[PDB]
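Enquirer: Got a structure for you, questions after.
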Amino acid sequence: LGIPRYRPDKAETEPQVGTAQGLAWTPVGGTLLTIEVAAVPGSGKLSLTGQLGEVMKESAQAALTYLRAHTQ
Amino acid sequence: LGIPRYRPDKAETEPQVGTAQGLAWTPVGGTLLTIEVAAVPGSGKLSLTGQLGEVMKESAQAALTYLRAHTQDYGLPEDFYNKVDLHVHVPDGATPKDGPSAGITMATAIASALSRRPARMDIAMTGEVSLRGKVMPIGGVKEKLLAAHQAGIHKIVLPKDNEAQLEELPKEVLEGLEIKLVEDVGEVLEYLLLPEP
Amino acid sequence: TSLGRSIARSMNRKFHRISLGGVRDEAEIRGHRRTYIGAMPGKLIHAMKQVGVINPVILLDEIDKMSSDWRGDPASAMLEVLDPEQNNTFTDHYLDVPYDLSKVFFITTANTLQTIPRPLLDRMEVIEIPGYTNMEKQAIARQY
Amino acid sequence: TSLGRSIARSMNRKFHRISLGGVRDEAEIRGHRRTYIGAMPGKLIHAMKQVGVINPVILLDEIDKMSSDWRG
Ligand SMILES: Nc1ncnc2c1ncn2[C@@H]1O[C@H](COP(=O)(O)OP(=O)(O)OP(O)(O)=S)[C@@H](O)[C@H]1O
């Protein structure tokens, strides 16, 4: 068939020091939605990319408020 | 006939701060496109020209993100995002192919716009960029290498995970072009810039 | 604009002038999407819509007085107007095919050179028209 | 307004007036392109329609009170 088109049985995936893989569902079937959060210095505002709805940002602040009780 | 149909080779390909020679995929046979960037101090606002899809806006944003991650290594301004508007020119509308057109090429373009150093030429680069400094592989490097050989540009870097592409192509194009493999956008901060910073 | 009419009399083309001072919206310069009754193109496109030829001599007004309170500038849009090889790649929102304003001869107006948008300071020529004296004003009065 | 009416009386051509203040678009100064029942011109064409001559004494009412935001 040529080169294996897709990554094999995952024992070493891509280097993931700021991110992690993710499971989901499409109409056509689920994909591994490795969310990419990039922690850049700024003004502490919330800066969305990814053609996102608002449900993303309240889930986001749910996580943010979780680790704002869990900083240290 | 008269005038040459295109601009003659490597007279259009000049080392400039503004210009950027990046590979393109076109369904009637791929081309290479002249990206022009202009960064003099402003406020941080990004602007687009040329019937563009917004995905190139976010890819430029991701390029800004990588330049915000590793600022001091190449003489980049310490806080430019509050003082540098970025304005790019793209000669065409939108790629029908998904993802960024040439993401790391634009990253090098606005990094050279920020450091005000001319870009190296004889190296046509392309790729698609993520938020952790990982240049994910690009499909269709075939027509990109075809265009670069048609451009006379023999040095073409690729993302690291397209290294298995270098065995599935037939040899007659692979020998005519030099290929380097990169993983970091900081690596191609040294491969298109005329000085090392 | 007397200079513009002088140039347009020299070329015997059509002459027109449009405002750009006090424009806050890029979508004033560009068009708008087809999301409302009577959707509209840009100022430039309708200005070409009233001209009947694709090489007139067209004047602007007060290009040192745009504004935009959101990301991006209309500076990049009239920079698209600047290069004729970039003229066939307009941003457009009502229309979509980039028009051929390559042959439209461009002449501009800005009262203050310093407040022209800084992405457009490239490819401007500062030809400063100074004030006028007593006798120069008297002579041009008495003459014309 | 009666100043204008007097000036037209001295003119011996008929005065007219149209309260053009408070109008939010070009769609009833120029009208709109015909596409259905209830298609209508601008107010000026209404004005000079109810003036049966081609040279009236037209008095504008509130040019400074025009509004702008949508529909040209
Ligand atoms: N030195 C001069 N400066 C300006 N106008 C002059 C001069 N000499 C003659 N003119 C006449 O003045 C008229 C044009 O100048 P103005 O009407 O005062 O300004 P304008 O051209 O109407 O508007 P601008 O300058 O584009 S904002 C023409 O009738 C010219 O012939």
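Each reported figure results from applying straightforward, stated rules to the coordinates on display, with no laboratory input. Positions of Cβ are backbone-derived with ideal geometry, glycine not excepted, and every protein chain shown enters the neighbour counts.
Enquirer: Out of the residues in the range B:168-186 that are in contact with a helix residue (DSSP H, G or I) (Cβ under 9 Å, 6 or more places away or on another chain) and over 26 Å from B:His70 (Cβ atoms), which is nearest to the other protein chains (Cβ to nearest Cβ)?
Expert: B:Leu169
Enquirer: What about C:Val126, is it more than 16 Å from the ligand (Cβ to nearest atom), under 24 Å from C:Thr1 (Cβ atoms) and part of a helix (DSSP H, G or I)? Spell out the reasoning first.
Expert: Working: more than 16 Å from the ligand (Cβ to nearest atom): yes; under 24 Å from C:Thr1 (Cβ atoms): yes; part of a helix (DSSP H, G or I): no.
Taking the combined requirement at face value, the residue does not satisfy it.
Enquirer: Pairs needed: first member in the range C:112-141, away from chain B (no Cβ under 14 Å); second member anywhere, of a type outside the set (A, V, I, L, M, F, W, C); C-beta distance under 8 Å; at least 6 residues apart or different chains.
Expert: Matching pairs, first to second residue: C:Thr112/C:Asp64; C:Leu113/C:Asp64; C:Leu113/C:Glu128; C:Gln114/C:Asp64; C:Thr115/C:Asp64; C:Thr115/C:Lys65; C:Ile140/C:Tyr132.
Enquirer: Suppose we filter the range C:22-42 for residues that are more than 12 Å from chain D (Cβ to nearest Cβ) and more than 16 Å from the chain's Cα centre (by Cα); how many remain?
Expert: Within the range C:22-42, residues that are more than 12 Å from chain D (Cβ to nearest Cβ) and more than 16 Å from the chain's Cα centre (by Cα) number 2.
Enquirer: Something else: Has the range B:119-128 got at least one residue that is surrounded by 23 or more Cβ atoms within 10 Å (Cβ to Cβ), at positive phi and outside any helix (DSSP H, G or I)?
Expert: Within the range B:119-128 (the criterion being surrounded by 23 or more Cβ atoms within 10 Å (Cβ to Cβ), at positive phi and outside any helix (DSSP H, G or I)), the answer is yes, since at least one residue qualifies.
Enquirer: Taking the conditions exactly as written (at negative phi and within 16 Å of the ligand (Cβ to nearest atom)), does C:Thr133 satisfy them or not?
Expert: On the way: at negative phi: yes; within 16 Å of the ligand (Cβ to nearest atom): yes.
In short, yes.
Enquirer: Continuing with the same structure: Here are D:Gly42, D:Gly22: which of them is touching a residue at least 24 places away in the same chain (Cβ under 8 Å) and either under 25 Å from C:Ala39 (Cβ atoms) or surrounded by 10 or more Cβ atoms within 10 Å (Cβ to Cβ) (or both)?
Expert: Details: D:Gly42 fails: touching a residue at least 24 places away in the same chain (Cβ under 8 Å).
Just a single option satisfies the conditions, and that option is D:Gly22.
Enquirer: What's the number of the only condition in (1) under 16 Å from the mean Cα position of the chain (by Cα); (2) within 16 Å of the ligand (Cβ to nearest atom) that C:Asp83 fails to meet?
Expert: Condition not satisfied by C:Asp83: (2).
Enquirer: Given the residues C:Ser6, C:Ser10, C:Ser2, C:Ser19, which is the only one that is within 16 Å of the ligand (Cβ to nearest atom) and within 14 Å of chain D (Cβ to nearest Cβ)?
Expert: On the way: C:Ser6 fails: within 14 Å of chain D (Cβ to nearest Cβ); C:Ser10 fails: within 14 Å of chain D (Cβ to nearest Cβ); C:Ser2 fails: within 14 Å of chain D (Cβ to nearest Cβ).
Checking each option against the conditions leaves just C:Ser19.
Enquirer: Also: Condition check: touching a helix residue (DSSP H, G or I) at 6+ places or on another chain (Cβ under 7 Å), part of a loop (DSSP other than H, G, I, E, B) and over 23 Å from B:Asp161 (Cα atoms). Does A:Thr26 satisfy that?
Expert: Spelling it out, it is not the case that A:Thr26 is touching a helix residue (DSSP H, G or I) at 6+ places or on another chain (Cβ under 7 Å), part of a loop (DSSP other than H, G, I, E, B) and over 23 Å from B:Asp161 (Cα atoms).
Enquirer: Please verify whether B:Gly176 is in a loop (DSSP other than H, G, I, E, B) and in contact with a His (Cβ under 7 Å, 6 or more places away or on another chain), treating the condition exactly as stated.
Expert: yes
Enquirer: When the residues of the range B:32-65 are filtered to those that are hydroxyl-bearing (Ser, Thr, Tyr) and crowded, with 21+ Cβ neighbours inside 10 Å, which remaining residue is farthest from C:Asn87 (Cα to Cα)?
Expert: B:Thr65
Enquirer: On to the next question. In the range A:43-63, what count of residues is obtained for those that are within 14 Å of chain B (Cβ to nearest Cβ) and of a type in the set (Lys, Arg)?
Expert: 1
Enquirer: Looking at the range C:49-93 only, could you name the residues that are away from chain B (no Cβ under 12 Å), in contact with a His (Cβ under 9 Å, 6 or more places away or on another chain) and not β-branched (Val, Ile, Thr)?
Expert: Scanning the range C:49-93 gives C:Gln50, C:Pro56, C:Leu59.
Enquirer: Name the single residue that is farthest from the chain's Cα centre (by Cα) among those in the range B:17-31 being buried (at least 17 other Cβ atoms within 10 Å of the Cβ) and of a type in the set (S, T, N, Q). Can you show your working first?
Expert: In the first step, residues of the range B:17-31 are kept if they are buried (at least 17 other Cβ atoms within 10 Å of the Cβ); the result is B:17-25, B:30-31.
Now drop any that are not of a type in the set (S, T, N, Q), which leaves B:19, B:21, B:31.
Working: B:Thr19: 10, B:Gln21: 7, B:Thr31: 13 Å.
Filtering the range B:17-31 for residues that are buried (at least 17 other Cβ atoms within 10 Å of the Cβ) and of a type in the set (S, T, N, Q), the one farthest from the chain's Cα centre (by Cα) comes out as B:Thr31.
Enquirer: Also, quick follow-up: Would you point out the residue of the range B:69-113, among those that are among the β-branched types (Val, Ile, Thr) and in a loop (DSSP other than H, G, I, E, B), that is farthest from the other protein chains (Cβ to nearest Cβ)?
Expert: Checked the range B:69-113; the qualifying residue farthest from the other protein chains (Cβ to nearest Cβ) is B:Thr95.
Enquirer: Kindly provide the set of residues from the range C:103-144 that are of a type in the set (D, E, K, R) and exposed (fewer than 12 other Cβ atoms within 10 Å of the Cβ), ordered by number.
Expert: Across the range C:103-144, the qualifying residues are C:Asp122, C:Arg123, C:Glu125, C:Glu128, C:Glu136, C:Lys137, C:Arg142.
Enquirer: Here is a follow-up. Assess whether B:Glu128 counts as being within 13 Å of chain A (Cβ to nearest Cβ), in contact with a helix residue (DSSP H, G or I) (Cβ under 9 Å, 6 or more places away or on another chain) and farther than 25 Å from B:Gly139 by Cα.
Expert: no
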